[PDB]
Structures are given as C-alpha cells and as structure tokens.
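Reading through the structure tokens given below for one structure.
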Amino acid sequence: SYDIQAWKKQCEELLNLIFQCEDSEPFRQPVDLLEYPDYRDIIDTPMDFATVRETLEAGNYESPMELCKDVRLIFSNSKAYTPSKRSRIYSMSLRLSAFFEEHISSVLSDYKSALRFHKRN
Ligand SMILES: O=C(NCc1cccs1)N1CCN(C(=O)c2cccs2)CC1
C-alpha cells in the first residue's frame, strides 16, 4: 500500500473521530486566558484540535509526523498545566492520547513504508 498522499485523508478521518469523543471537548479550541489567567506563564506554545484541522486543510503539514508532533503538544500542554494527576481535564487528555496513539500508529507506518518504496531504486 504505497500511496505517499494517503495519510492526509486518514488524519482527517481520525480528527473527525476525536471531535465525536466527549473527551476532546476541552481541547477542541484554543484555551481562553480570561478563565485561565496564568496559562501563558506556564505554556509557551498553545495548541488545540481546531488549529491542527485548519493546518491540515490549509496544506501546511508536509507529513503525518508533523501533525503527530502538534497533537502530542496538546497533551504535553495539558500535563504541564495540570495542578494534579487526578484532575478532570488531564484525565480526559490521557484517555484521548491513548486513543490517538492507537489510531496514528498505522498512519505513520504506512507513510514511512510508502516513502521507502518511492526511493527503492
Ligand atoms: O479552557 C481550556 N480549553 C478550552 C475549553 C475548556 C472546556 C471547554 S472549551 N482548557 C483546556 C486545556 N487546559 C488543561 O489542559 C488543563 C486544565 C486543568 C488541568 S489541565 C486548560 C483549560
């Protein structure tokens, strides 16, 4: 299965599944600083799933590795902001991260395979 472009619709599909997950609701849109006044004291690079989807649709990811780096930044930001391991929003982030990693694994493998096939000769 050596389609070099197939990752993009695979990632669109997976973002749709994440948007249906109730566990995504806190990560769908950029954090509001009015409610979390110290957020940008703690977090150097905000990220959210709507920014990921818009970057993908704009044609501003070159690979699924770059998309995967931004999604992993959503989850590291939640871990860095949480006052506790037992927090609601952080707990939601851990379940959504396990879901995302379970699904992205084959997207990455198929892409890297396709690129190696393209450079086989
Ligand atoms: O306010 C937002 N994002 C927008 C929306 C929140 C809910 C509906 S829309 N967040 C998400 C990212 N944050 C965290 O990960 C953590 C907070 C507590 C421990 S971690 C900060 C709060």
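As shown in the structure tokens, the chain order sets the letters A, B, ...; within each chain, residues go from 1, and ligands are also counted from 1 in the order they appear.
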
Proximity check chain A to ligand 1, 9 Å, nearest pairs one decimal Å, only C-alpha atoms and all ligand atoms, as CSV:
residue,atom,partner,partner_atom_place_in_ligand_line,distance
A:24,CA,ligand 1,8 (C),9.0
A:25,CA,ligand 1,8 (C),5.7
A:26,CA,ligand 1,7 (C),3.6
A:27,CA,ligand 1,11 (C),5.4
A:28,CA,ligand 1,9 (S),6.8
A:29,CA,ligand 1,4 (C),5.7
A:30,CA,ligand 1,4 (C),5.9
A:31,CA,ligand 1,3 (N),3.8
A:32,CA,ligand 1,1 (O),5.4
A:33,CA,ligand 1,1 (O),7.8
A:35,CA,ligand 1,1 (O),7.0
A:36,CA,ligand 1,21 (C),6.7
A:39,CA,ligand 1,21 (C),7.3
A:46,CA,ligand 1,12 (C),8.9
A:48,CA,ligand 1,3 (N),8.3
A:74,CA,ligand 1,15 (O),7.8
A:75,CA,ligand 1,15 (O),7.5
A:76,CA,ligand 1,15 (O),8.6
A:77,CA,ligand 1,15 (O),6.3
A:78,CA,ligand 1,15 (O),3.3
A:79,CA,ligand 1,20 (S),6.1
A:80,CA,ligand 1,20 (S),7.3
A:81,CA,ligand 1,20 (S),4.9
A:82,CA,ligand 1,19 (C),3.6
A:83,CA,ligand 1,19 (C),6.2
A:84,CA,ligand 1,19 (C),7.3
A:85,CA,ligand 1,19 (C),8.6
A:87,CA,ligand 1,19 (C),5.8
A:88,CA,ligand 1,19 (C),7.0
A:89,CA,ligand 1,19 (C),5.0
A:90,CA,ligand 1,20 (S),4.7
A:91,CA,ligand 1,20 (S),8.4
A:92,CA,ligand 1,15 (O),8.9
A:93,CA,ligand 1,15 (O),7.3

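Atom pair atom CA of residue 15 of chain A / atom CA of residue 117 of chain A has a distance of 27.0 Å (rounded to one decimal).
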
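Counting only C-alpha atoms, segment 62-69 of chain A has the following residues at most 7 Å away, ignoring those fewer than 4 positions along the same chain: residues 7, 52, 73 and 108 of chain A.
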
Keeping only N, CA, C and O atoms, write the selected residues as a PDB file, in the first residue's frame.
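Contents of part_2.pdb, freshly written:
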ATOM      1  N   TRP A   7      -2.018   9.497   3.870  1.00  0.00           N
ATOM      2  CA  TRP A   7      -2.031   9.928   5.287  1.00  0.00           C
ATOM      3  C   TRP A   7      -3.024  11.071   5.490  1.00  0.00           C
ATOM      4  O   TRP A   7      -3.596  11.200   6.591  1.00  0.00           O
ATOM      5  N   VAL A  52      -5.059  22.192  14.599  1.00  0.00           N
ATOM      6  CA  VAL A  52      -4.499  21.046  13.830  1.00  0.00           C
ATOM      7  C   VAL A  52      -5.302  20.813  12.552  1.00  0.00           C
ATOM      8  O   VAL A  52      -4.705  20.652  11.460  1.00  0.00           O
ATOM      9  N   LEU A  73       1.704  17.854  21.369  1.00  0.00           N
ATOM     10  CA  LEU A  73       1.847  19.152  22.087  1.00  0.00           C
ATOM     11  C   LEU A  73       0.541  19.476  22.838  1.00  0.00           C
ATOM     12  O   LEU A  73       0.560  19.983  23.979  1.00  0.00           O
ATOM     13  N   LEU A 108       1.344   6.426  10.394  1.00  0.00           N
ATOM     14  CA  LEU A 108       2.787   6.688  10.339  1.00  0.00           C
ATOM     15  C   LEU A 108       3.533   5.578   9.636  1.00  0.00           C
ATOM     16  O   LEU A 108       4.352   5.838   8.758  1.00  0.00           O
TER      17      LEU A 108
END

(request) Quote the spacing between atom CA of residue 113 of chain A and atom CA of residue 2 of chain A in Å to one decimal place. (result) 6.8 Å

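The gap separating atom CA of residue 49 of chain A from atom CA of residue 98 of chain A is 15.5 Å, in Å to one decimal.
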